[PDB]
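Below is protein_28.txt, holding compact mmCIF, C-alpha atoms and all ligand atoms.
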```txt
# COMPACT_ATOMS: atom_id res chain seq x y z
CA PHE A 1 10.85 -144.54 -44.49
CA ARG A 2 9.23 -145.79 -41.28
CA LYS A 3 10.81 -142.89 -39.37
CA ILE A 4 9.48 -140.29 -41.81
CA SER A 5 6.04 -141.94 -41.95
CA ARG A 6 5.45 -141.67 -38.18
CA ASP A 7 5.42 -137.87 -38.43
CA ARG A 8 1.89 -136.51 -38.07
CA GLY A 9 2.15 -134.00 -40.91
CA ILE A 10 3.87 -136.33 -43.37
CA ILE A 11 1.15 -136.09 -46.04
CA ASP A 12 1.34 -132.30 -46.29
CA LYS A 13 5.11 -132.56 -46.74
CA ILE A 14 4.49 -134.87 -49.70
CA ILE A 15 2.00 -132.26 -50.93
CA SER A 16 4.77 -129.70 -50.51
CA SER A 17 7.21 -132.05 -52.24
CA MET A 18 5.21 -132.25 -55.49
CA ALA A 19 6.80 -130.09 -58.23
CA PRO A 20 8.91 -127.50 -56.33
CA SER A 21 9.24 -125.35 -59.47
CA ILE A 22 5.42 -125.04 -59.51
CA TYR A 23 3.95 -122.57 -57.01
CA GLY A 24 0.51 -122.16 -55.48
CA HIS A 25 -1.52 -125.02 -57.00
CA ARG A 26 -1.97 -126.98 -53.78
CA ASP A 27 -5.08 -128.93 -54.81
CA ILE A 28 -3.44 -129.93 -58.10
CA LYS A 29 -0.39 -131.13 -56.15
CA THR A 30 -2.70 -133.07 -53.83
CA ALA A 31 -4.24 -134.76 -56.86
CA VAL A 32 -0.72 -135.54 -58.12
CA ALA A 33 0.21 -137.13 -54.79
CA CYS A 34 -2.98 -139.21 -54.76
CA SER A 35 -2.39 -140.38 -58.34
CA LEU A 36 1.28 -141.17 -57.69
CA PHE A 37 0.52 -143.24 -54.59
CA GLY A 38 -2.77 -144.70 -55.81
CA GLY A 39 -5.35 -146.95 -54.20
CA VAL A 40 -5.59 -150.73 -54.26
CA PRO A 41 -7.39 -152.66 -57.01
CA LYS A 42 -9.69 -155.45 -55.92
CA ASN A 43 -11.69 -158.33 -57.36
CA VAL A 44 -14.42 -159.69 -55.09
CA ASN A 45 -14.92 -163.46 -55.65
CA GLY A 46 -13.40 -163.06 -59.13
CA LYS A 47 -16.75 -161.88 -60.46
CA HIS A 48 -16.68 -158.13 -59.77
CA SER A 49 -13.64 -155.89 -60.26
CA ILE A 50 -13.06 -152.48 -58.67
CA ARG A 51 -10.36 -150.27 -60.20
CA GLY A 52 -7.63 -149.10 -57.85
CA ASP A 53 -5.86 -146.06 -59.32
CA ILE A 54 -6.79 -142.39 -59.44
CA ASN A 55 -7.35 -140.69 -62.79
CA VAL A 56 -6.77 -136.93 -62.63
CA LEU A 57 -7.88 -134.39 -65.23
CA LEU A 58 -6.13 -131.00 -65.14
CA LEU A 59 -8.36 -128.62 -67.09
CA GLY A 60 -6.76 -125.20 -67.24
CA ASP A 61 -6.18 -122.00 -69.15
CA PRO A 62 -2.82 -121.44 -70.89
CA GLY A 63 -0.06 -120.48 -68.48
CA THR A 64 -1.23 -122.59 -65.52
CA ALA A 65 1.88 -124.84 -65.78
CA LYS A 66 0.08 -128.12 -66.42
CA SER A 67 2.79 -129.40 -68.77
CA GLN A 68 5.46 -128.81 -66.13
CA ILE A 69 3.39 -130.83 -63.66
CA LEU A 70 3.22 -133.62 -66.25
CA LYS A 71 7.00 -133.45 -66.74
CA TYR A 72 7.51 -133.58 -62.96
CA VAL A 73 5.35 -136.71 -62.71
CA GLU A 74 7.28 -138.23 -65.62
CA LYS A 75 10.51 -137.59 -63.72
CA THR A 76 9.20 -138.84 -60.37
CA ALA A 77 7.07 -141.89 -61.17
CA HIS A 78 8.38 -145.42 -61.64
CA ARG A 79 6.71 -146.43 -64.93
CA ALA A 80 5.61 -143.11 -66.42
CA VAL A 81 4.77 -142.92 -70.12
CA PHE A 82 4.36 -139.53 -71.80
CA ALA A 83 2.04 -139.16 -74.78
CA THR A 84 0.11 -136.41 -76.52
CA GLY A 85 -2.75 -136.12 -78.98
CA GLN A 86 -1.58 -133.44 -81.39
CA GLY A 87 2.13 -134.27 -81.38
CA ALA A 88 3.88 -136.70 -83.69
CA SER A 89 7.28 -137.76 -82.29
CA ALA A 90 5.85 -139.59 -79.29
CA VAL A 91 4.55 -143.03 -78.37
CA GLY A 92 1.01 -143.57 -79.57
CA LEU A 93 -2.04 -144.27 -77.46
CA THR A 94 -3.36 -146.96 -79.84
CA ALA A 95 -2.16 -150.55 -80.03
CA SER A 96 -0.85 -151.51 -83.46
CA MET B 1 -20.75 -163.64 -47.72
CA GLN B 2 -20.50 -164.76 -51.36
CA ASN B 3 -18.18 -167.63 -50.42
CA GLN B 4 -20.67 -168.66 -47.72
CA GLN B 5 -23.59 -168.54 -50.17
CA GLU B 6 -21.56 -170.62 -52.64
CA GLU B 7 -20.93 -173.16 -49.86
CA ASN B 8 -24.64 -173.32 -48.99
CA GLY B 9 -25.53 -173.50 -52.69
CA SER B 10 -27.55 -170.30 -53.15
CA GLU B 11 -24.99 -169.02 -55.69
CA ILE B 12 -23.08 -170.88 -58.39
CA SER B 13 -19.44 -170.16 -59.19
CA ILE B 14 -18.56 -168.47 -62.46
CA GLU B 15 -16.80 -171.46 -64.05
CA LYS B 16 -19.56 -173.89 -63.08
CA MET B 17 -22.05 -171.35 -64.42
CA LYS B 18 -20.04 -171.09 -67.66
CA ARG B 19 -19.93 -174.84 -68.20
CA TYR B 20 -23.62 -175.16 -67.27
CA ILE B 21 -24.61 -172.55 -69.87
CA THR B 22 -22.54 -174.46 -72.43
CA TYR B 23 -24.22 -177.75 -71.43
CA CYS B 24 -27.74 -176.31 -71.59
CA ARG B 25 -27.12 -174.74 -74.99
CA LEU B 26 -25.62 -177.96 -76.39
CA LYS B 27 -28.27 -180.34 -75.04
CA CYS B 28 -31.72 -178.75 -74.69
CA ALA B 29 -33.85 -176.85 -77.21
CA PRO B 30 -37.41 -176.58 -75.91
CA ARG B 31 -40.61 -176.31 -77.90
CA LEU B 32 -43.74 -174.43 -76.90
CA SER B 33 -46.51 -176.77 -75.81
CA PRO B 34 -49.83 -176.49 -77.70
CA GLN B 35 -51.56 -175.29 -74.52
CA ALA B 36 -48.90 -172.58 -74.12
CA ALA B 37 -49.71 -170.98 -77.49
CA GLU B 38 -53.23 -169.64 -76.86
CA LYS B 39 -52.10 -167.57 -73.86
CA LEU B 40 -49.19 -166.09 -75.81
CA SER B 41 -51.34 -165.28 -78.85
CA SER B 42 -54.04 -163.68 -76.68
CA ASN B 43 -51.51 -161.59 -74.75
CA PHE B 44 -49.85 -160.43 -77.98
CA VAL B 45 -53.20 -159.46 -79.50
CA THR B 46 -54.21 -157.50 -76.37
CA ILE B 47 -50.98 -155.45 -76.33
CA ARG B 48 -51.34 -154.44 -79.97
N1 LIG A 101 2.09 -121.37 -61.09
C1 LIG A 101 3.23 -121.36 -61.79
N2 LIG A 101 4.39 -121.54 -61.13
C2 LIG A 101 5.54 -121.53 -61.82
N3 LIG A 101 5.72 -121.36 -63.13
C3 LIG A 101 4.55 -121.17 -63.76
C4 LIG A 101 3.29 -121.16 -63.18
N4 LIG A 101 2.31 -120.95 -64.14
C5 LIG A 101 2.99 -120.84 -65.25
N5 LIG A 101 4.34 -120.97 -65.10
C6 LIG A 101 5.35 -120.90 -66.15
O1 LIG A 101 4.73 -120.43 -67.33
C7 LIG A 101 5.08 -121.26 -68.45
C8 LIG A 101 3.87 -122.06 -68.88
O2 LIG A 101 4.33 -123.28 -69.48
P1 LIG A 101 3.36 -124.51 -69.68
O3 LIG A 101 3.52 -125.53 -68.55
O4 LIG A 101 3.60 -125.06 -71.04
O5 LIG A 101 1.90 -123.91 -69.55
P2 LIG A 101 0.64 -124.85 -69.75
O6 LIG A 101 -0.11 -124.85 -68.41
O7 LIG A 101 1.06 -126.20 -70.17
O8 LIG A 101 -0.37 -124.22 -70.79
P3 LIG A 101 -0.43 -124.71 -72.27
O9 LIG A 101 1.01 -124.85 -72.83
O10 LIG A 101 -1.22 -123.68 -73.12
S1 LIG A 101 -1.34 -126.44 -72.34
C9 LIG A 101 6.27 -122.09 -67.98
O11 LIG A 101 7.50 -121.41 -68.23
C10 LIG A 101 5.99 -122.24 -66.49
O12 LIG A 101 7.19 -122.42 -65.74
MG MG A 102 1.35 -127.21 -72.16
```

Let's see the structure in the file written out as structure tokens.
Amino acid sequence: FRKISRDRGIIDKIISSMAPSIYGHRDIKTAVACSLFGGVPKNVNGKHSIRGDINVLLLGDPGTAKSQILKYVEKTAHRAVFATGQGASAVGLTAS
Amino acid sequence: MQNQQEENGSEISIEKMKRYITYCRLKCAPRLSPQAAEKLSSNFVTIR
């Protein structure tokens, strides 16, 4: 990991590593890489909290392969939970 | 900077602030003085 990090163009390779079956959506893949790696949360003096993870909204027409990007992130990420609004046989978004 | 200002005393920590709010609400309940009523009545008449 340290050997592959010292490459100058490492980040772009990660951008090229996001969803190989998906072609041409480089900025979407960049957003995926940023969300997968994420920032750092912080809490200054305990009083004020700053969130430390990137929320990405993929708004697109049908046939832009957003669902395949979601499936790729579900495969790649450590604790990835898939849910949907219209569907039924899935974990809900509401506590109960 | 906030830790320094807490050490000087210009800012109060959140738990001390919590317990102080609890203490002030449990102990004190002020009344308006008679000389503090004419100013308030006059200012409320002028606004309306
Ligand atoms: N840029 C792309 N590269 C590769 N395959 C693509 C691309 N765009 C669309 N597809 C394919 O087209 C189909 C679209 O499937 P979906 O991922 O369900 O599309 P979608 O973006 O989710 O749109 P919906 O279903 O209306 S929300 C899949 O078979 C994809 O593999
Ligand atoms: Mg879809």

As a PDB file with C-alpha atoms, keeping the file's coordinate frame, please: the residues near residue A:71 (cut-off 10 Å, only C-alpha atoms, same-chain neighbours under 5 positions excluded).
```pdb
ATOM      1  CA  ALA A  19       6.800-130.090 -58.230  1.00  0.00           C
ATOM      2  CA  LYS A  66       0.080-128.120 -66.420  1.00  0.00           C
ATOM      3  CA  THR A  76       9.200-138.840 -60.370  1.00  0.00           C
ATOM      4  CA  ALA A  80       5.610-143.110 -66.420  1.00  0.00           C
ATOM      5  CA  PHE A  82       4.360-139.530 -71.800  1.00  0.00           C
TER       6      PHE A  82
END
```

Point to revise | Nearest-residue call for ligand LIG 101 (chain A), choices A:52, A:24, A:85, A:38, using only C-alpha atoms and all ligand atoms | key: A:24

**Study point:** Non-local contacts of stretch 12-19 of chain B (12 Å; all atoms listed in the file; under 4 positions in same chain excluded) as an NGL selection string
**Key:** (:A and (45-48)) or (:B and (2-8 or 23-26))

So for ligand LIG 101 (chain A), what box centre and size do we get, axis-aligned, 5 Å extra on each of the six sides, every listed atom, Å to one decimal, as JSON?
```
{"center_x": 3.1, "center_y": -123.4, "center_z": -67.1, "size_x": 18.8, "size_y": 16.0, "size_z": 22.0}
```

Exercise for review: Would you kindly return, as JSON, numbers by chain, each protein, DNA or RNA residue with an atom no farther than 10 Å from any atom of residue A:33, considering all atoms listed in the file and excluding same-chain residues fewer than 2 positions away?
Suggested key: {"A": [11, 12, 14, 15, 16, 17, 18, 27, 28, 29, 30, 31, 35, 36, 37, 38, 54, 73]}

Check your understanding: How far is it from atom CA of residue A:1 to atom CA of residue A:41, in Å with one decimal?
Key -> 23.6 Å

Exercise for review: Return as a list in words the residues of protein, DNA or RNA that approach ligand LIG 101 (chain A) to within 10 Å, with all atoms listed in the file taken into account.
Suggested key: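 Here is the list of contacting residues: residues 19, 20, 21, 22, 23, 24, 25, 58, 59, 60, 61, 62, 63, 64, 65, 66, 67, 68, 69, 70 and 71 of chain A.
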
Check your understanding: If you measure from atom CA of residue A:53 to atom CA of residue A:34, what distance in Å do you get, rounded to one decimal?
Key ->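 Value for the atom CA of residue A:53-atom CA of residue A:34 distance: 8.7 Å.
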
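Counting only C-alpha atoms and comparing B:1, B:40, B:47, B:21, the residue that lies closest to chain A is B:1.
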
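What separates atom CA of residue A:84 from atom MG of ligand MG 102 (chain A) is a distance of 10.3 Å.
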
Practice item. Determine the nearest neighbour of chain A from the options B:48, B:43, B:37, B:11, counting all atoms listed in the file. Key: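 Counting all atoms listed in the file, the residue closest to chain A is B:11.
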
Would you mind putting N, CA and C atoms back on stretch 24-46 of chain B and writing the result as a PDB file, keeping the file's coordinate frame?
```
ATOM      1  N   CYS B  24     -26.335-176.543 -71.275  1.00  0.00           N
ATOM      2  CA  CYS B  24     -27.740-176.310 -71.590  1.00  0.00           C
ATOM      3  C   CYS B  24     -27.930-175.910 -73.042  1.00  0.00           C
ATOM      4  N   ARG B  25     -27.004-175.118 -73.590  1.00  0.00           N
ATOM      5  CA  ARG B  25     -27.120-174.740 -74.990  1.00  0.00           C
ATOM      6  C   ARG B  25     -26.822-175.919 -75.922  1.00  0.00           C
ATOM      7  N   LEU B  26     -25.911-176.818 -75.531  1.00  0.00           N
ATOM      8  CA  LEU B  26     -25.620-177.960 -76.390  1.00  0.00           C
ATOM      9  C   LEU B  26     -26.684-179.046 -76.328  1.00  0.00           C
ATOM     10  N   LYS B  27     -27.387-179.191 -75.205  1.00  0.00           N
ATOM     11  CA  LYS B  27     -28.270-180.340 -75.040  1.00  0.00           C
ATOM     12  C   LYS B  27     -29.746-180.039 -75.278  1.00  0.00           C
ATOM     13  N   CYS B  28     -30.284-178.975 -74.692  1.00  0.00           N
ATOM     14  CA  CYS B  28     -31.720-178.750 -74.690  1.00  0.00           C
ATOM     15  C   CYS B  28     -32.113-177.658 -75.676  1.00  0.00           C
ATOM     16  N   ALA B  29     -33.246-177.865 -76.344  1.00  0.00           N
ATOM     17  CA  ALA B  29     -33.850-176.850 -77.210  1.00  0.00           C
ATOM     18  C   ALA B  29     -35.352-177.010 -77.124  1.00  0.00           C
ATOM     19  N   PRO B  30     -35.992-176.318 -76.186  1.00  0.00           N
ATOM     20  CA  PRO B  30     -37.410-176.580 -75.910  1.00  0.00           C
ATOM     21  C   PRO B  30     -38.332-176.099 -77.013  1.00  0.00           C
ATOM     22  N   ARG B  31     -39.509-176.717 -77.049  1.00  0.00           N
ATOM     23  CA  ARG B  31     -40.610-176.310 -77.900  1.00  0.00           C
ATOM     24  C   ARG B  31     -41.764-175.825 -77.040  1.00  0.00           C
ATOM     25  N   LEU B  32     -42.526-174.876 -77.572  1.00  0.00           N
ATOM     26  CA  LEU B  32     -43.740-174.430 -76.900  1.00  0.00           C
ATOM     27  C   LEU B  32     -44.794-175.527 -76.963  1.00  0.00           C
ATOM     28  N   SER B  33     -45.424-175.810 -75.826  1.00  0.00           N
ATOM     29  CA  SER B  33     -46.510-176.770 -75.810  1.00  0.00           C
ATOM     30  C   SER B  33     -47.738-176.177 -76.495  1.00  0.00           C
ATOM     31  N   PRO B  34     -48.614-177.021 -77.052  1.00  0.00           N
ATOM     32  CA  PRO B  34     -49.830-176.490 -77.700  1.00  0.00           C
ATOM     33  C   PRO B  34     -50.715-175.688 -76.760  1.00  0.00           C
ATOM     34  N   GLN B  35     -50.766-176.049 -75.478  1.00  0.00           N
ATOM     35  CA  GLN B  35     -51.560-175.290 -74.520  1.00  0.00           C
ATOM     36  C   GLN B  35     -50.883-173.998 -74.092  1.00  0.00           C
ATOM     37  N   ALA B  36     -49.607-173.817 -74.426  1.00  0.00           N
ATOM     38  CA  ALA B  36     -48.900-172.580 -74.120  1.00  0.00           C
ATOM     39  C   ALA B  36     -48.968-171.566 -75.254  1.00  0.00           C
ATOM     40  N   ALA B  37     -49.652-171.889 -76.351  1.00  0.00           N
ATOM     41  CA  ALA B  37     -49.710-170.980 -77.490  1.00  0.00           C
ATOM     42  C   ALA B  37     -50.899-170.031 -77.415  1.00  0.00           C
ATOM     43  N   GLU B  38     -52.039-170.489 -76.897  1.00  0.00           N
ATOM     44  CA  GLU B  38     -53.230-169.640 -76.860  1.00  0.00           C
ATOM     45  C   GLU B  38     -53.029-168.446 -75.936  1.00  0.00           C
ATOM     46  N   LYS B  39     -52.390-168.667 -74.783  1.00  0.00           N
ATOM     47  CA  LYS B  39     -52.100-167.570 -73.860  1.00  0.00           C
ATOM     48  C   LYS B  39     -51.182-166.540 -74.500  1.00  0.00           C
ATOM     49  N   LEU B  40     -50.131-167.003 -75.178  1.00  0.00           N
ATOM     50  CA  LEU B  40     -49.190-166.090 -75.810  1.00  0.00           C
ATOM     51  C   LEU B  40     -49.836-165.302 -76.940  1.00  0.00           C
ATOM     52  N   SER B  41     -50.647-165.972 -77.761  1.00  0.00           N
ATOM     53  CA  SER B  41     -51.340-165.280 -78.850  1.00  0.00           C
ATOM     54  C   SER B  41     -52.326-164.256 -78.310  1.00  0.00           C
ATOM     55  N   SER B  42     -53.077-164.610 -77.262  1.00  0.00           N
ATOM     56  CA  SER B  42     -54.040-163.680 -76.680  1.00  0.00           C
ATOM     57  C   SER B  42     -53.348-162.470 -76.071  1.00  0.00           C
ATOM     58  N   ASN B  43     -52.254-162.699 -75.338  1.00  0.00           N
ATOM     59  CA  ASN B  43     -51.510-161.590 -74.750  1.00  0.00           C
ATOM     60  C   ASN B  43     -50.848-160.709 -75.801  1.00  0.00           C
ATOM     61  N   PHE B  44     -50.418-161.265 -76.933  1.00  0.00           N
ATOM     62  CA  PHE B  44     -49.850-160.430 -77.980  1.00  0.00           C
ATOM     63  C   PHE B  44     -50.902-159.668 -78.768  1.00  0.00           C
ATOM     64  N   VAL B  45     -52.104-160.224 -78.918  1.00  0.00           N
ATOM     65  CA  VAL B  45     -53.200-159.460 -79.500  1.00  0.00           C
ATOM     66  C   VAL B  45     -53.664-158.325 -78.595  1.00  0.00           C
ATOM     67  N   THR B  46     -53.733-158.548 -77.277  1.00  0.00           N
ATOM     68  CA  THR B  46     -54.210-157.500 -76.370  1.00  0.00           C
ATOM     69  C   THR B  46     -53.265-156.305 -76.331  1.00  0.00           C
TER      70      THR B  46
END
```
